[PDB]
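Colleague: Give me a 3D structure for the following:
(14 chains, ligands or ions: 1)
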Amino acid sequence: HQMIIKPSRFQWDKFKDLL
Amino acid sequence: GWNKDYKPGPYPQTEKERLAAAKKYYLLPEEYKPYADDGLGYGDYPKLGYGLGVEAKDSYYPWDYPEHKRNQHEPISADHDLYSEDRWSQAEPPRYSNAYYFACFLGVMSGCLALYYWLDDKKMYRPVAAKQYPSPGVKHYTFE
Amino acid sequence: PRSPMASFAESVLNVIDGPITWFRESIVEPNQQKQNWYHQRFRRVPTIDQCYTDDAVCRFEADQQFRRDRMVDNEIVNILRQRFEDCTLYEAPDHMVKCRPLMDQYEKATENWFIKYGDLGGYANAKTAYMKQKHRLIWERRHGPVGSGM
Amino acid sequence: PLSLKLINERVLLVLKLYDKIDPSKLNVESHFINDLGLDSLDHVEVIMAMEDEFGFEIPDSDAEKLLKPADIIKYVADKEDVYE
Amino acid sequence: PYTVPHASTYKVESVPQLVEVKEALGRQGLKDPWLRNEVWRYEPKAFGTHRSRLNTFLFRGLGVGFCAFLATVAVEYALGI
Amino acid sequence: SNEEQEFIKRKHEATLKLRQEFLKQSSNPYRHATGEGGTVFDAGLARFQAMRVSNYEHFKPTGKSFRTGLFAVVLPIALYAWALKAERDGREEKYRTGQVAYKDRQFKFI
Amino acid sequence: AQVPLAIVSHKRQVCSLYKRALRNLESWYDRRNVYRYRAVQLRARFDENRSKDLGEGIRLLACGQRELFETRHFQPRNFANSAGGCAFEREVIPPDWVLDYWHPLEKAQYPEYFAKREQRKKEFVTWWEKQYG
Amino acid sequence: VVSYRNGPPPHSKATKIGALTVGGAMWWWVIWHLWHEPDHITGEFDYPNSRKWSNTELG
Amino acid sequence: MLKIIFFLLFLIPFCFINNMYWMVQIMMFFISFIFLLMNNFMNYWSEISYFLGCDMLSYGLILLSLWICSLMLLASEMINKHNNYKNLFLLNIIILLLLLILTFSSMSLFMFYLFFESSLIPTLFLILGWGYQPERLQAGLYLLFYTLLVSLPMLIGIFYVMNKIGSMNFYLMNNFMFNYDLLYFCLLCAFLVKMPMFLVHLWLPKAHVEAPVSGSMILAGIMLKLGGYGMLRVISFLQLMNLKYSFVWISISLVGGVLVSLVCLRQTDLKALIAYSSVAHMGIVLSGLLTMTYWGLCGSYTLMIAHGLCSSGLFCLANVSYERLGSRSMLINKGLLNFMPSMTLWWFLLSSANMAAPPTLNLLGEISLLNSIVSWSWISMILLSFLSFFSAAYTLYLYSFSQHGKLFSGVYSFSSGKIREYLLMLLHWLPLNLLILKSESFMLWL
Amino acid sequence: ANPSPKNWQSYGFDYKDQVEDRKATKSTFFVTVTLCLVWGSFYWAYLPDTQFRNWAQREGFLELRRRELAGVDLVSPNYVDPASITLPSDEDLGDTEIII
Amino acid sequence: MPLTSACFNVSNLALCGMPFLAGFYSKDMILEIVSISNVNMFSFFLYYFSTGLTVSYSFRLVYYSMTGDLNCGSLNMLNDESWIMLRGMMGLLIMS
Amino acid sequence: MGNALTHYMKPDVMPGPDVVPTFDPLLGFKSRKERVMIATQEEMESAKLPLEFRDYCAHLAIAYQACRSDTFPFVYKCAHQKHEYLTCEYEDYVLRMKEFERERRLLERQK
Amino acid sequence: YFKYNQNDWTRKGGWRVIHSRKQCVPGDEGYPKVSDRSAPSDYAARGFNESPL
Amino acid sequence: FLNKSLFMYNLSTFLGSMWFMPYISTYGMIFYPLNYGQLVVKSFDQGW
Ligand SMILES: CCCCCCCCCCCCCCCCCC(=O)OC[C@H](COP(=O)(O)OCCN)OC(=O)CCCCCCCCCCCCCCCCC
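Modeller: Residues are numbered from 1 along each chain as shown, chains lettered A, B, ... in the order given. And now the structure:
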């Protein structure tokens, strides 16, 4: 399973959960 | 390192100013070619390729920037927006002229509009009368 | 009940209608206190013609009743248009014959609205409609009705 | 999933299906002009044969920079990103 | 590219559609080296022919459809008729 | 021509030096590891930026510039203003004369 | 790292014309046997003509370029995975430094991969100091 | 899967069964509506000739 | 009212206390919540306290001012990370917001003028203090000298109106009507510069670019609307003369909208393209204002309210790429879908709000503005279609070229997106779709 | 595999300590979302008739009930009564611009 | 592709008007209403000649893809085991 | 070509499209019978029949609507009754296919 | 919401439901049928006919 | 066989390129707005 080079999505998910 | 530092200067009237402007824009002197001395025309900026757009340039060449198809320290053309890969560029030169395409399209359109609107009152019809609808004042008859 | 589709729709309507009627008559209808709310009635303040030019007390009151009468007449035209829309929906094939008195009444309402509030602009004072009425009555006196004037 | 042995088999199969190349003289290190008798247009036929075989486009500079079948193997393995 | 074959498997004379081109080029006085690269492309076992593919495509379920139509006719006469 | 190949070779040497500068500066681990974002310093990008911003310094009131500023901006403005004034005056004289009915006038805002 | 040189020889020009002519012939004739027959016809047309001089070859090369521009197909066949194809560069891979900007709790999902990346960082910085430093 | 200079890997029974099933479904629908309603392809109602009617009835 | 004014007056000493940057925006959002509570307003002036009162136009403009300044403190965290002068920045923002509240809740023309031209000095201070360009001197001098040169004879016009009438109040000046050319030119041309024309715009694209993010918010969010508010207050007593001279300004504004919409297709800066984008929509606002219809005035108020949010939200989007990619150039900003994919939601949600969008208040402002201009003349259907087509021809270009394509090579490592930025572009778009609900609030000020 | 608690990724509000990030983040989300967008929208949903649009519809329904009962006009064309207004005479006006 | 070719077969003959399918039921009810109504000469030319064009391109769409000689590369990935995909195809096939 | 083309060549011989009977209905001396409606106006408008389908036999369309609503959605159960309504239209079409044709004969006898 | 608190004449912002007449075929109750509403006040009432005022 | 698409090449280009209609929309009538936007910038926005 090759590892895709994705940017960080932690801040968007934390923003969604805080909202 | 700002816009006041690197900017186009006055027009190269003499040859030594043309050589200094060619060396300033990281261009060989033979390649450099300034604009005209008219009111709209830029001063001291190089006149790059206005023949055909970015799609005409070689995509198999190893570029420093594969996007925009340019190397490092290469002078960007002044109408880089109009001659970009997105708008008004072709990978190969067009087969015909610009007026042949429009001429054939409006010729076919003028023929089709003319032949349709000439025949607008020659619609065919079945051997059929008007559709009879019942009215309290006007009565209709059967054939039996 | 005369069709399988009609019986299925009746069953779906009964399953839909049951619990909401239980929630209304069992929970919503009890524990609701009885209170009275009233439609607001406004007395008729004298208009823009029955007061002096130097007084700004009358201009505010006549402007406010002109705005209120504008909103009421807009609702007259809106309800008269909705009557024609309900005529078009309720008389779906035969809307040509029945909706004609309503359309004539609505067209008369639009004509009278354009007589009173027409061509006044965004800043329509009570005095502007009165001066428009003065010039309209003068033009009706000397040039006949508008549309065949000289 | 590919391999260097598989791509080598592809290159020698396409170059041995060419009737103007003798399979006895054919080798992975055999030069296309000095060792084998090929025209200037024959190498273009070999290049478009590799293009139709491997399913991409080879540019003209990379067409003239290939002189051996091992060079074609190294060019294909660099483009399709296999080294084992 | 698993289990690739050799060049001795591919022969020009096995297929008609390439030996027709070879005969036309011999009539014109020319030869061609890339016929053996396209021998696999026309195979009667792996790929079939033109007439077998049309009968496979146009009439894939004609027999099953006719059998189901006979079944529908046979069950329709027992109930409707 | 033999002069063409020397020019192309000199341009290729200059392009090779600029390419080596780009490969040195683009994969810089220290400049990446500073954490402050940015770009590799390209001269032509800054030349393009100051070309797009500053353009009055090369401007002179010639006949070609006057023709461009007349036929590009002032003439469509003048023709559009004349057309709007003519249409509004033609409708306004019909409105003020009284040639149109009350119930037969467009845009009653109703 | 051989950057290609922009000068094109006359033999390279006629080889490029031969390649583009056979690509246009492949676009025009879809069946492989008819394309092969016409390709051998065009190869014989080139092979009867290769014995001339240089100036006549240059003029007839310009005539062949004009002819190939005249007979060019409106929808030329191209490979999909190569440049200029129907599905070239459908996905864009961002550079790996955005992997360095992940959350540490997001970095905990692949700890062996991030440990190997941190091991490879020292090898890259010594390689960069060897190469350009 | 990948295949080189040969056919595909041999198909499963489910694909062949499904292909014959949907071909039988289409052709069963076609021949069933051909048998039950043959009149829809031709004229559902007859078209008598307008020059065939006698002039002695109206004329 | 006096509660909001004294709230900001006692929020003034928050700046002098150290580590107090984030409490001021908390109290600003609290007073925006309180101003959401005090909403008992009708078309006439209510909450009359001395010389301060409020009607529905003033309510919407003060609420927009409070929201833009509250988001302006949220957007500027670059002032807080560096040791740039936070106390002076907070004092300038509070003073400027207080001046905007005072010039919008002004009962009279003169106090509106006084706080209206008091507002340009904190904008001058933000532009020449907190910008990041060598041409901030060219930015602030163009703005101040353009607005001052055309607004000084407006003071002569204002006292000519005072000498002819007697009063300064808006309602008593609504009764009168003047038939003078030069009074009309004095009382109009200052607002005709303060909202962008085609000919007089220059201060706008050369003052938006060289300013900070906060200068961009305060210029494209509420200080293109001071001229709109001024024309909404002045046009009521200059109807006869503006009906004589309005075809020139409407034709110039419509052709200039088409031409500036053609300019943005040839723009290589993100912050300059939104700067010219403010010219095109306010051209439609100016073309719908001078027709004097109910629909033109209501749709102009709705489009100014819905434009002050969306242009400021677009200017926050160009800032969060300028902080990371290091430049505002459109060539550098390419392929940000693979860098910040979660930001691309807010890019397209705020670029679609610049054009006609399905849930936004901008469409309800644009529909009610094109109604009045097509009603004004039939010749405008040719050039409204061209302008409203070219608007999304250029506005899709900024999202398309910045947020799609191959990545710009040779970009160094920058930080990822933050929750503050997602919250900042959340509050620039959810007011645009929550205000179509209760839209009779933000449209019917008459 | 086990990340350190001292290696904390900041939010957008402060870049010096973790305490000021959480307090400002929670308070800024308090003063915008659950005050200005939810409680403020709940207040604006149940806002009374500031504009008189509901009263205009009720008065229009009652007026259309009472005007067609009298039957004079559904919408009155005149602002005042035509007998109450005293128009000037033709000799009084002279050459004045009468606008229609 | 036995099942995919069968789906492509059913949908092309539905498009051309294989009797008693959906496209036939729509196309005959459109086209014979034209013949009993007032239609222009050029409009009646543009209907039926374009229907012949429709069957002509739709059977040409067959011939290059199916019932013809392969012209692809030496390496192909032809398979018919994508069963979620073909389950969606079965649902739309029986509905069509 | 065809029926339109003769209208370009002989307009006085061939009548126009959807032509009404110009001459007398009793000129042929048949004393032909009068078509009498079975369903009147109020049950025609009760069934929501469209104005393009209020023909001389709308009672068969009313019965077809009743049988469609009786076995909905499986409306094929009295499918032949649809043909009954259809052949009434065909009978009307036959009358129309006579009402044109004898008119041409009436336009030929005067020519 | 749509059958117990729909839009009435005292409120503008509700969902104002307008229904068309159902088709009456024989086999239904009352096949000789005309329009029940004929007055102009019956059209688009929104519950105005049951008002206490 | 005679290639009926290579013969009548001008007719097959018109029928093949969808009546020359992508050229008319794209690379036709787009130079005339895009260059004219630059003439506003060069002459009237910055010069005049
Ligand atoms: C109104 C004015 C509009 C003017 C627009 C411009 C002119 C349009 C002219 C329309 C008629 C075109 C006639 C043919 C001209 C072009 C011929 C051609 O280029 O054919 C090439 C090609 C077959 O060539 P081949 O080598 O076999 O194929 C491999 C590569 N193509 O051919 C093909 O692939 C297909 C060619 C089809 C030609 C015949 C069309 C179909 C006829 C039969 C079906 C319709 C029957 C209808 C009958 C009832 C009519 C009422």
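Colleague: Longest helix in chain D, by number of residues?
Modeller: helix D:40-54 (DSSP state H).
Colleague: Provide the contact partners of whichever helix or strand comes after that one at residue level.
Modeller: Where DSSP states H and E defines the elements, the next helix or strand beyond helix D:40-54 is helix D:60-64. Helix D:60-64 is contacted by residues B:60, D:43-44, D:47, D:75, G:4-5, G:8, G:12, G:15-16, G:19 when judged by Cβ atoms under 8 Å, 6 or more residues apart in numbering or on different chains. Every C-beta, even on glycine, is put in place using the N, C-alpha and C of the backbone.
Colleague: Just the buried subset of these, please.
Modeller: D:43-44, D:47, D:75, G:4, G:15-16, G:19 (16 or more other Cβ atoms under 10 Å in any protein chain shown).
Colleague: Which two of those have the greatest separation?
Modeller: The widest separation within these, taken as Cβ to Cβ, falls between D:75 and G:16 and amounts to 18.1 Å.
Colleague: Identify the residue of chain D closest to chain E, quick one.
Modeller: residue D:19 (3.6 Å; Cβ to the nearest Cβ).
Colleague: Skipping its backbone neighbours, what lies nearest that residue in space?
Modeller: Using Cβ to Cβ, 6 or more residues apart in numbering or on different chains and skipping residues adjacent in sequence, the residue nearest residue D:19 is residue E:33, 3.6 Å away.
Colleague: ok so, going back, from the chain's centroid, how far away is the longest helix of chain D?
Modeller: Centroid separation for helix D:40-54 versus its chain: 8 Å, with Cα atoms, centre = their mean, to the nearest Å.
Colleague: now stretch B:60-71
Modeller: 23 Å.
Colleague: Could you give me the buried positions within that stretch?
Modeller: Burial within stretch B:60-71, assessed by neighbour count using 16+ other Cβ under 10 Å, is assigned to B:63-65, B:67-71.
Colleague: Among those residues, which ones are in strands?
Modeller: Using DSSP state E to define strands, no part of these is located there.
Colleague: Distance to the ligand for those residues - can I get that in CSV?
Modeller: Shown next, in CSV, are these (distance: Cβ to the nearest ligand atom, whole Å):
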residue, distance to the ligand
B:63, 38
B:64, 43
B:65, 41
B:67, 38
B:68, 39
B:69, 35
B:70, 41
B:71, 43
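Colleague: Out of those, which two sit at the greatest distance?
Modeller: B:67 and B:71 (12.3 Å).
Colleague: of the buried residues of stretch B:60-71, closest to chain F?
Modeller: Distance to chain F across the buried residues of stretch B:60-71 (Cβ to the nearest Cβ) is lowest for residue B:64, with 4.5 Å.
Colleague: Spit out the contact partners of the closest one.
Modeller: With Cβ under 8 Å, 6+ apart, residue B:64 has these contacts: B:70-72, F:18-19, F:22, F:26, I:409-410.
Colleague: so where do the helices sit in the stretch 301-446 of chain I?
Modeller: Remark: helices assigned in the stretch 301-446 of chain I by DSSP state H, counting those that start in this stretch are I:343-354, I:361-376, I:380-403, I:419-426, I:430-434.
Colleague: Which stretch among those helices approaches residue L:44 most closely?
Modeller: Of all the helices of the stretch 301-446 of chain I, helix I:361-376 comes closest under Cβ to Cβ, at 42.4 Å.
Colleague: Okay, buried residues for the closest one please.
Modeller: I:361-366, I:368-373, I:375-376.
Colleague: anything in it near chain C?
Modeller: No: using Cβ under 8 Å from any Cβ of the partner chain, helix I:361-376 never reaches chain C; the gap is at least 9.1 Å.
Colleague: Now distance to residue L:82 too, for the helices of the stretch 301-446 of chain I, in TSV please.
Modeller: Formatted as TSV, those follow (distance: least, Cβ to Cβ, whole Å):
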stretch	distance to residue L:82
helix I:343-354	50
helix I:361-376	47
helix I:380-403	49
helix I:419-426	59
helix I:430-434	51
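Colleague: Distance to the ligand added to these, as a markdown table?
Modeller: A markdown table is the format used below for the helices of the stretch 301-446 of chain I (distance: least, Cβ to the nearest ligand atom, whole Å):
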| stretch | distance to the ligand |
| --- | --- |
| helix I:343-354 | 40 |
| helix I:361-376 | 37 |
| helix I:380-403 | 30 |
| helix I:419-426 | 52 |
| helix I:430-434 | 49 |
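Colleague: May I see those arranged in a markdown table, with distance to chain M as well?
Modeller: Shown next, in a markdown table, are those (distance: least, Cβ to the nearest Cβ, whole Å):
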| stretch | distance to chain M |
| --- | --- |
| helix I:343-354 | 24 |
| helix I:361-376 | 16 |
| helix I:380-403 | 30 |
| helix I:419-426 | 26 |
| helix I:430-434 | 15 |
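Colleague: Figure out which of the ones you listed is closest to residue E:56.
Modeller: Closest to residue E:56 of the helices of the stretch 301-446 of chain I is helix I:380-403 (Cβ to Cβ; 47.3 Å).
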